[PDB]
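Working notes, beginning with the structure itself.
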Amino acid sequence: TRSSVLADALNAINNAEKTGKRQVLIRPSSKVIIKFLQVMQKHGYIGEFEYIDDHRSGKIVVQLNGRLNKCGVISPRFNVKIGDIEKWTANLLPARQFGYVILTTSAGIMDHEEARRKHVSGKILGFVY
Amino acid sequence: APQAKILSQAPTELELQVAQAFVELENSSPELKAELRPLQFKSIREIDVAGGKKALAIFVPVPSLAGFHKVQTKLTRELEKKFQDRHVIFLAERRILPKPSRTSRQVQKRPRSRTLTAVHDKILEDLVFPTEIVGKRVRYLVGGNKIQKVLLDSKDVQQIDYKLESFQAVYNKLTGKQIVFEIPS
Amino acid sequence: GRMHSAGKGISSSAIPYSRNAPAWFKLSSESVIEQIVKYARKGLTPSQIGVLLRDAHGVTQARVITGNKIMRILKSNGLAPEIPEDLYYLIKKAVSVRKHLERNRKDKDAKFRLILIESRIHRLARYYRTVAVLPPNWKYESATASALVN
Amino acid sequence: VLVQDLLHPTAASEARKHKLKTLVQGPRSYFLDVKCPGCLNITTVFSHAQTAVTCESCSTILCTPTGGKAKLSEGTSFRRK
Amino acid sequence: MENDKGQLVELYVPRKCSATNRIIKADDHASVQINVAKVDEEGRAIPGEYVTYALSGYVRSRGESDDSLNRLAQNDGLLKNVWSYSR
RNA sequence: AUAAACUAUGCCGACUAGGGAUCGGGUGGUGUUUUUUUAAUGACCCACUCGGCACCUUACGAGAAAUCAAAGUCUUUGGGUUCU
Ligand SMILES: [Zn+2]
Numbered sequence: 001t002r003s004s005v006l007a008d009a010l011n012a013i014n015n016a017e018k019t020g021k022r023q024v025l026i027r028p029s030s031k032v033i034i035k036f037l038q039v040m041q042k043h044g045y046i047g048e049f050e051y052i053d054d055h056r057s058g059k060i061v062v063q064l065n066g067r068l069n070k071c072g073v074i075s076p077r078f079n080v081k082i083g084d085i086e087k088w089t090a091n092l093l094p095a096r097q098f099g100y101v102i103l104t105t106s107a108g109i110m111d112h113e114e115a116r117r118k119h120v121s122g123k124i125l126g127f128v129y
Numbered sequence: 130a131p132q133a134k135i136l137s138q139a140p141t142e143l144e145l146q147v148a149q150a151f152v153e154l155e156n157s158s159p160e161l162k163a164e165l166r167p168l169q170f171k172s173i174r175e176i177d178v179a180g181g182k183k184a185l186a187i188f189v190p191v192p193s194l195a196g197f198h199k200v201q202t203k204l205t206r207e208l209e210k211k212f213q214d215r216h217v218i219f220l221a222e223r224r225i226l227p228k229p230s231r232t233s234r235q236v237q238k239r240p241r242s243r244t245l246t247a248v249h250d251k252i253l254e255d256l257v258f259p260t261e262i263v264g265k266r267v268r269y270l271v272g273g274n275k276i277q278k279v280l281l282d283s284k285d286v287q288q289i290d291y292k293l294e295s296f297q298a299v300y301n302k303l304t305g306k307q308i309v310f311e312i313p314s
Numbered sequence: 315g316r317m318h319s320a321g322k323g324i325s326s327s328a329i330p331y332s333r334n335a336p337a338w339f340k341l342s343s344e345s346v347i348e349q350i351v352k353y354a355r356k357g358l359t360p361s362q363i364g365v366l367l368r369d370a371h372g373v374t375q376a377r378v379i380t381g382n383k384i385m386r387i388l389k390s391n392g393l394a395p396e397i398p399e400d401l402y403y404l405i406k407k408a409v410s411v412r413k414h415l416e417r418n419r420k421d422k423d424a425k426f427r428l429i430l431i432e433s434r435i436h437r438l439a440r441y442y443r444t445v446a447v448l449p450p451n452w453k454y455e456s457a458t459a460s461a462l463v464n
Numbered sequence: 465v466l467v468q469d470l471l472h473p474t475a476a477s478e479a480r481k482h483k484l485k486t487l488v489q490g491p492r493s494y495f496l497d498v499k500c501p502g503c504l505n506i507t508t509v510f511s512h513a514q515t516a517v518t519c520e521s522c523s524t525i526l527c528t529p530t531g532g533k534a535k536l537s538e539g540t541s542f543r544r545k
Numbered sequence: 546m547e548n549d550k551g552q553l554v555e556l557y558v559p560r561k562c563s564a565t566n567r568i569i570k571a572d573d574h575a576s577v578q579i580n581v582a583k584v585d586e587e588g589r590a591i592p593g594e595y596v597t598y599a600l601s602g603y604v605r606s607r608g609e610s611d612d613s614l615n616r617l618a619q620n621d622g623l624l625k626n627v628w629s630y631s632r
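Chains as they are written, first to last, in the working numbering: chain A, 1 to 129; chain B, 130 to 314; chain C, 315 to 464; chain D, 465 to 545; chain E, 546 to 632.
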């Protein structure tokens, strides 16, 4: 069965960036996928996305603008202390000076850079570059 | 006086103006004496439409929104002519209960009808009352604002076709959320 | 796919995007309720009241015109069955295989297919005890299985 | 291909898609108003009905169940509402 | 890409495909630089003044090069009613 | 309860490519044929669709290669789980 809908959504996006498409359609959608796409949007990694309202769970269509190399999920959502974040950014980011690791703190879903200036930590979701 | 028995206790002068608009049809009464006698409302908010017009919001206690929906289309005609420069709509005064935090506990588990995301959905179902909604889309723009989109039924659309500009102003004043209405064919 | 086979079929109903009755319906929200309990007093399960109502009386589905699901109307009227019809029709099929396998026990496939049906009974009765639909132990027995279907 | 309007597919494509594979899933069935020759009453019949529907009066036949749409019997005028 | 004092580094900046927005590598020998003449009244294509499109060798191998130029040139006014957004 | 108990390829879920066949069900046709004059079905034709056993061409991808639409989405390394 479906174990996590975030992994399916990020697999769908990653497969269509490789093939050359400019849009995806993911199904289903959740608040976690909406927030993860919102973090991707504000850093310019994806374009506009529209949420189709079913009565079931909804679908999302996301416009792609090139310039995305990978969006991935980390399963399980490991607990990350505030001193372990630079052990993750060193592991699965291509360089020390771009790319983001998206976490889930009690202050909300956010990338690792402004989890640092907010001085919060939590569980890890994934990465984009 | 039957004018004063519709409003809450005292207020207000504007509540009397709509109150006289009901009794001019209750005393005329082709058929309305059998259905407009028990129908009563709670309040009017005046919302400034972005055009030259304004909007009238009629709040209903909602054991009776089904009762109001029987004469909804006909009564709005006899409210727009004796109140010029206005658009009259009927809403239900729903209650929104706050989401319990990990400290702000309560008793009596909060029903899903009292959640805020369900009340705002019932506003759109009640703003437009005919022309059942056939879909919804939400655009997450690049800048960061969210724009809804309400798709309306194409049939019977000529009763509210001019009021799409008014509805976007009313829903913005009650929710703070942008709306565009689109009519597919 | 299916729980106890390799089939991957997706055939299913598809509920429309509307929580309101269609404009042509115009019977009532209450005369349908009387028609719900008229069929239940004839010993009809909720699955076969809905197919009977949709095919003949033109209700699309009983929730969108009443607000209630069908066996919530039955339970509010005191016509709820002892065990759910979901579990009842699994037990009845298990009794039918046991009676068959009683006299020709050379079927190695009816012995296999019995195990799948009984496993499905245990998985479903486990769920019903948790949500307090069934009494806390209730212990489906094969020797008393034929008593419950009649 | 590689640029498509996935929010507004053409009506032909949505019509030729499966019932669940559209942008929003929904039923391809409908309801019918049929006139039996005997009486003149209003009877609403599901297009994919499974019961052998009869009228309230004189109860002959109105449709026979099939593995697809119900086969409406010999001549009875039908509307689609 | 630059240093602290804004002085440019990275000895060349590469071309990017106008269809899929990906880098044209120095060894993509299937990549193509399409040059389209600009025209004025009574025909007479102006020499040396172009409308240029770059296509990566990935797109051309996939068979998307024709559908891409139909989109890439209709949006620039070079065509009309040839490429349709809704398939 | 042992087999080259074999597809020497665990099971469930999602995505990525083009095609023509075929088995079962379904939908449509101011289609063909069967005869009563066409009708009703049946058989067939065309188009679509769901679910199967498969096949053909390529290789964006993978591989040590043989080859593989999965043995792909894998140093840009994390969907769930069992066994070795
Ligand atoms: Zn009859």
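Beta carbons are placed, not taken as given, at the ideal position from N, Cα and C, and that holds for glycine.
Closer than 6 Å: is that where the CB of residue i sits relative to any heavy atom of ligand 1?
| i | result |
| --- | --- |
| D:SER521 | yes |
| D:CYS500 | yes |
| D:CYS503 | yes |
Considering Cα atoms alone, identify which of the options is closest to residue i.
| i | options | result |
| --- | --- | --- |
| A:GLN41 | A:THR19, A:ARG27, A:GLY66, A:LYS18 | A:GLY66 |
| D:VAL465 | A:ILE82, A:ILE74, A:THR19 | A:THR19 |
| A:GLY72 | A:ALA107, A:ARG2, A:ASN15, A:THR1 | A:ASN15 |
| B:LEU168 | B:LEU185, B:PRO227, B:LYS211, B:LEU136 | B:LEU136 |
| B:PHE212 | B:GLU144, B:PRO240, B:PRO140 | B:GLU144 |
| B:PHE258 | B:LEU293, B:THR232, B:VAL267 | B:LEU293 |
| A:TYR45 | A:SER4, A:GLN23, A:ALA107 | A:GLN23 |
| A:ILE26 | A:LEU10, A:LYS81, A:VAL80 | A:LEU10 |
| A:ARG56 | B:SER283, B:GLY264, B:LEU281 | B:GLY264 |
| E:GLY593 | E:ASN580, E:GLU586, E:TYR603 | E:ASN580 |
| E:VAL596 | E:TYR603, E:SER629, E:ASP621, E:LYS570 | E:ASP621 |
| C:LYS340 | D:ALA516, D:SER511, D:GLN468, D:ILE506 | D:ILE506 |
| A:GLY83 | A:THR1, A:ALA7, A:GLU113 | A:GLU113 |
| D:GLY531 | D:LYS485, D:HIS482, D:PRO501, D:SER511 | D:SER511 |
To which residues of the same chain is residue i closer than 7 Å at the C-beta, ignoring the five residues directly before and after it?
| i | result |
| --- | --- |
| B:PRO190 | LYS171, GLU222 |
| E:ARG605 | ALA575, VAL577 |
| B:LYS302 | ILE176 |
Rounded C-beta distance between residue i and residue j? I'm assuming under 8 Å.
| i | j | result |
| --- | --- | --- |
| D:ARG544 | D:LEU496 | 6 Å |
| B:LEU245 | B:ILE225 | 5 Å |
| A:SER29 | A:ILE74 | Contact flag wrong, Cβ pair sits at about 20 Å. |
| C:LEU428 | C:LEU415 | 6 Å |
| B:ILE262 | B:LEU281 | 6 Å |
| C:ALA424 | C:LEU393 | C:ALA424 to C:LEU393, Cβ: 35 Å. No contact. |
For residue i, I'd like the list of residues in its chain whose CB is within less than 6 Å of its CB, leaving aside the five on either flank, ordered along the chain.
| i | result |
| --- | --- |
| D:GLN514 | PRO529 |
| C:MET385 | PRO360 |
| D:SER521 | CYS503 |
| B:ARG266 | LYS278 |
| A:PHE127 | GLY72, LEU92, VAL101 |
| E:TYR603 | none |
Under 7 Å, do residue i and residue j count as touching if we go by C-beta distance?
| i | j | result |
| --- | --- | --- |
| A:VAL39 | A:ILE102 | yes |
| A:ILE109 | A:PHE78 | no |
| E:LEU623 | E:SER610 | no |
| C:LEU401 | C:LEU438 | yes |
| B:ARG268 | A:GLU50 | yes |
| B:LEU154 | B:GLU207 | yes |
| C:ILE405 | C:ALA446 | no |
| B:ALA298 | B:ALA186 | no |
| B:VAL309 | B:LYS278 | yes |
| C:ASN382 | C:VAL351 | no |
If you drop the 5 nearest sequence neighbours on each side, which residues of the same chain put their C-beta closer than 8 Å to that of residue i?
| i | result |
| --- | --- |
| A:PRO94 | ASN69, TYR129 |
| E:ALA590 | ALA582, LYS583, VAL584 |
| C:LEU358 | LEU366 |
| D:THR486 | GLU478 |
At a cut-off of 6 Å, would you count residue i as near ligand 3, judging by its Cβ distance to the nearest heavy atom?
| i | result |
| --- | --- |
| B:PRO131 | With respect to small molecules bound, the structure shown includes ligand 1 and not ligand 3. |
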